[PDB]
Amino acid sequence: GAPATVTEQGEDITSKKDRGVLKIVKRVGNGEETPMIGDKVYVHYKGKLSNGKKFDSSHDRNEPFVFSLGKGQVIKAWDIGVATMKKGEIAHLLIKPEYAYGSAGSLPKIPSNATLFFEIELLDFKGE
Ligand SMILES: COc1cc2cc(c1OC)OCCCOC/C=C/C[C@@H](C)OC(=O)[C@@H]1CCCCN1C(=O)[C@H]2C1CCCCC1
């Protein structure tokens with residue numbers, strides 16, 4: 001599966017290099033420019049828990065997901081991962097609980113020590 005490809009071949013994009021966020025680019029985006037901290041960011045995504053028990057998509061809501069990069073408005077893995085993406089790119093992220101919801105989790109939706117996979121498409125990013 002898509003997760004196992006990332007676990008195998010996938011780029012370690014953490015600063016500490018602890019394999020905590022792993023990345024494969026699936027469709028290459030456009031321009032040399034990736035977003036700066038603070039940028040307003042527009043994505044579509046699909047996401048799941050590795051346990052296969054929960055799934056979530058921006059499409060279930062019929063619209064892009066929007067947030068300010070690097071404000072901790074998402075999990076650390078998104079602030080890291082999306083910062084590496086070009087306009088128009090689709091990537092896969094596989095994420096250790098340390099860069100998601102950790103030992104506490106976020107019950108009931110996310111258990112203690114959960115691993116998460118996302119597919120992300122970066123639609124646009126505008127400046128603060
Ligand atoms: C544990 O809570 C949730 C987790 C996730 C989605 C949740 C959610 O309920 C608040 O609602 C769906 C719409 C997003 O609501 C706005 C804020 C999200 C920010 C924050 C909670 O999440 C994140 O940063 C990440 C990345 C951005 C997309 C959502 N994501 C999630 O962790 C998903 C999660 C993904 C795995 C399957 C279950 C849901």
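Residues numbered from 1 in each chain as written, not as in the entry; some residues may be left out. Heavy atoms only, no water. Residues with missing side-chain atoms left out of burial classes, pairs and counts.

*Asks:* Hey, could you run me through the overall build of the protein in this one?
*Replies:* Counting its secondary structure elements, the protein contains 2 helices and 7 strands. When the helices and strands of the protein are placed in sequence order, the string is α-β-β-β-β-β-α-β-β. Relative to the globule expectation of 14 Å for 128 residues, the C-alpha radius of gyration of the protein, 14 Å, shows essentially globular dimensions. Taking the principal axes of the C-alpha coordinates as reference, the protein spans close to 35 × 30 × 25 Å. By sequence separation, contacts in the protein at least 24 residues apart represent 64% of the contacts at least 6 residues apart. (Helix = DSSP H or I, 4+ residues; strand = E, 2+ residues; numbered from the N terminus. Rg over C-alpha atoms; globule rule 2.2 N^0.38 Å. Contact = heavy atoms within 4.5 Å.)

*Asks:* What am I meant to see in the side chain of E89 here?
*Replies:* Among the secondary structure elements, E89 is positioned in the loop between α2 (76–82) and β6 (90–95). Only 2.8 Å separates the side chain of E89 from the side chain of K23, close enough to count as a polar contact. In terms of polar contacts, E89 uses its side chain to reach the backbone amide nitrogen of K86, at 3.0 Å. In contact with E89, other than residues within four places in its own chain, are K23, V25, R27, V28, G29, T84, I120, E121 and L122. (Polar contact = N/O pair within 3.5 Å; in protein donor to acceptor, adjacent residues only side chain to side chain.)

*Asks:* For this particular structure, what's the right way to read the pattern of salt bridges?
*Replies:* In a structure, side chains of opposite charge can pair up when their charged atoms sit close to one another. Residues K23 and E89 are paired through a salt bridge, measuring 2.8 Å at the closest nitrogen-oxygen approach. A residue pair is termed long-range when its members are at least 10 positions apart, and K23 in strand β2 (residues 21–27) and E89 in the loop between α2 and β6 qualify at 66 residues. (Salt bridge = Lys/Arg side-chain N within 4 Å of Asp/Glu carboxyl O.)

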